[PDB]
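Take a look at this single chain in structure tokens; it is the form deposited in one PDB entry.
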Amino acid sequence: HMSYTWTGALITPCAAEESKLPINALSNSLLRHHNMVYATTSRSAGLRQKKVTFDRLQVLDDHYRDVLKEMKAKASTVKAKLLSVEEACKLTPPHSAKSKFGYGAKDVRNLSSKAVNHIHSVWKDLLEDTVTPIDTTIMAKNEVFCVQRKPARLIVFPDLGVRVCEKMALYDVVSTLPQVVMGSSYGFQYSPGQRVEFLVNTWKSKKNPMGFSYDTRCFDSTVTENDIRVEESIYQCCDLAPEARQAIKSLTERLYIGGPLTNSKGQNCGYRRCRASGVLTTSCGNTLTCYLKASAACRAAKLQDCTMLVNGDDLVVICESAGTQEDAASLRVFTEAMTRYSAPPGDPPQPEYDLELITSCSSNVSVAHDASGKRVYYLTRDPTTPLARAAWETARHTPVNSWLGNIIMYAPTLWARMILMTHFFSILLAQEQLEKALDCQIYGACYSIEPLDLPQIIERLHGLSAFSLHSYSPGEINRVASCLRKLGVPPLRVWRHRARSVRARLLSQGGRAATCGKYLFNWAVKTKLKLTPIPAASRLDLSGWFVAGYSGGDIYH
């Protein structure tokens, strides 16, 4: 029961790949230690192939089936609708990979007759054929990291026509079912503000709180055929149109369970029998399966008063402590159970008794003070990776502007405000690109966002205090300064100086640019303004935001 089998054909690139950090006239203003930053390339795909390839054994017990039964009960309450071809098309990102059958993403988005004709013929084939494996492409991802080198992650995805069909059959399901089945434990429903609030309240709810994150080693490759059939049975609990049921059976049999793996040059690379990382159901499937296995493992480990927070395979548990030594033993049994369920650990879970020492979705809780001196909890992270990616993005336009994603989700943090906002607004002013819409990915979905709308977006996800936090914690200040020394990033005093300039330059522009000056950089001046609610923030359609996760799912808003 191997996760993959291979032919020896290489996982090839589409385009030229750079691994070394590109340097331009802006690079040194952000980061001097250039040799510490690299991008992954297809050249490391062979090592990843080794890592993701292993035998899965699964031992399923009554705790597993009990939880599953409970999950299906909740799933039966869901009604989902089929999308029209045209609805599905409009959810397609403008730069999504083109079909093999003579059309591309902009063809799909424009409802070009050729595209829509192909999609109708794909749909009809799903309805008629529930057996034939569907072809997928396997590609190496190019992502940027700091040293101390990771091999490239793999992405496996079916043809554009199929992807539109997935949307038609399952978009409403994957959008609505996770929150119904998992309620408050479903992470992708929450803005950052809502997530910190859930974490802090959950911690406070316990008499003696203990918490841990569980890291599954290569979660996608631990997902078995059983797991994928169980996912399908959950989806099938929904109130669905007859064509939707047939299409979901067909996609499950022909695509989700497994299939052939073709490189960008058309050569067969092998065969997958685990989760495809690049399908509509990757996030929803991962979340449900992670939740099922973890909920049953909690019961196996007799952890008391378990509260879970699950975003795909990212799992945090907060529960009642039994003292340190017993907690350690309980975690060992939790892991044993997970392992029997085919989700063994990368790093062994560590129990934590301070909420701020728990990392989940790569973030920890920390504390600052708002304008009134009130303590405010917010989410932050070690800024090394964000800054290494910012440095790549200073010299190269990328399909995913991670800095924008980071300014949005980590707006309240010391490092996003002082460094990211300052640096990137300086660049945008110089190139007259304040108004130019840019793509970023939040909870796996693509969003086209104009930088001038940042203040309103930040207000809506975080509140006005995002523009007012001060008196950050010693350990957080210390982590940021340390990171800046490691990377050769100028110290925070330099950034304050530049922000004052950027702020002025922005106010000179007037209008929405001045509003950016006023809100984003009020921390940089000594005569602070009073920041009042933004009129445009009440008008923003932030629907689409924080309903669900869609990593690998080819979704655009």
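Only the largest set of C-alpha atoms that superpose within 1.5 Å between the two forms is called the rigid core. Heads up: residue numbers just count along the shown sequence, starting at 1.
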_Can you tell me how many deposited residues have no coordinates between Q148 and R149? The categories are none, 1 to 3, 4 to 9, and 10 or more._
4 to 9
*What stretch has the higher average Cα B-factor here, 10-18 or 538-546?*
538-546
*Give the stretch, out of 462-470 and 255-263, with the larger mean C-alpha temperature factor in the deposited entry.*
462-470
*asked:* If I read the C-alpha B-factors straight from the PDB entry, which of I134, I442, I155, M308 is highest?
replied: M308
*Using the entry's values, work out which of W403, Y377, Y186, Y410 has the largest Cα B factor.*
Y377
*Within-chain third of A371 by Cα B-factor, per the entry*: highest
*When the modelled residues of the chain are sorted by Cα temperature factor, does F424 land in the lowest, middle or highest third?*
lowest
*Should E435 be placed in the lowest, middle or highest third of its chain by the C-alpha B factor in the entry?*
highest
*For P242, the third of its chain into which the C-alpha B factor falls*: middle
*Could you tell me which third, lowest, middle or highest, the C-alpha B-factor of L68 occupies within its chain?*
lowest
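Another form exists, deposited in another entry; not displayed. Remarks below refer to it.
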*asked:* My question is whether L428 is one of the residues whose C-alpha shifts by 2 Å or more between the shown form and the other one, given a fit on the rigid core.
replied: yes
*After the core is matched up, is the C-alpha of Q509 off by 2 Å or more between the shown form and the other one?*
yes
